[PDB]
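# Understanding the architecture of this molecule
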Amino acid sequence: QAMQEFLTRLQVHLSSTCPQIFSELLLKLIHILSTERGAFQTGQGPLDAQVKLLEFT
Amino acid sequence: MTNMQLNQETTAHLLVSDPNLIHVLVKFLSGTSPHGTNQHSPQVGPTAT
């Protein structure tokens with residue numbers, strides 16, 4: 001929930017100014033997690049936070 | 001293959017002198033369950049040990 005409110009407040013504060021930078025940051029997050037030696041491939045890390053981040057993206 | 005004779009250098013010397021064997025041992029000792037399809041123990045059981 002805390003990560004969801006943090007990402008939601010980033011979206012709200014940067015919707016008017018520059019949402020493309022926040023979208024590119026989210027895409028870079030998915031890219032770094034999804035590559036080799038990452039959290040997605042190795043299975044490490046929280047499943048709930050990654051699933052909620054995916055739903056937010 | 002450590003029991004196996006090659007026709008010189010023994011095959012155990014070939015295994016240890018090969019640089020790929022250390023990556024084989026790292027990949028075995030850091031394998032865990034990367035797929036994560038089902039809930040599984042991180043241990044490999046007695047037989048692999």
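Residues numbered from 1 in each chain as written, not as in the entry; some residues may be left out. Chains lettered and ligands numbered in written order. Part of a larger assembly, values for the part shown. Heavy atoms only, no water.

This deposited entry lists cryo-EM as its structure determination method and 3.6 Å as its resolution.

### Points about helix α2 (residues 19-34) of chain A
Residue and element names in this part refer to chain A. End to end, α2 covers 22 Å across 16 residues, agreeing with the expected 22 Å (1.5 Å per residue, within 8%). Buried within α2 we find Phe22, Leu26, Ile30 and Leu33. Projected down its long axis, α2 shows its buried positions confined to an angular sector of 80 degrees, all on one face. Opposite the buried face of α2, by more than 90 degrees, sit the exposed residues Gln20, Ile21, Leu27, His31 and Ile32. Those residues of α2 that are buried lie in contact with α1 (2-14), α3 (39-42) and α4 (47-56). (Helix = DSSP H or I, 4+ residues; strand = E, 2+ residues; numbered from the N terminus. Expected span 1.5 Å × (residues − 1). Buried < 20%, exposed > 50% of the residue type's maximum accessible area, 1.4 Å probe, protein only. Arc of directions from axis to C-beta. Contact = heavy atoms within 4.5 Å.)

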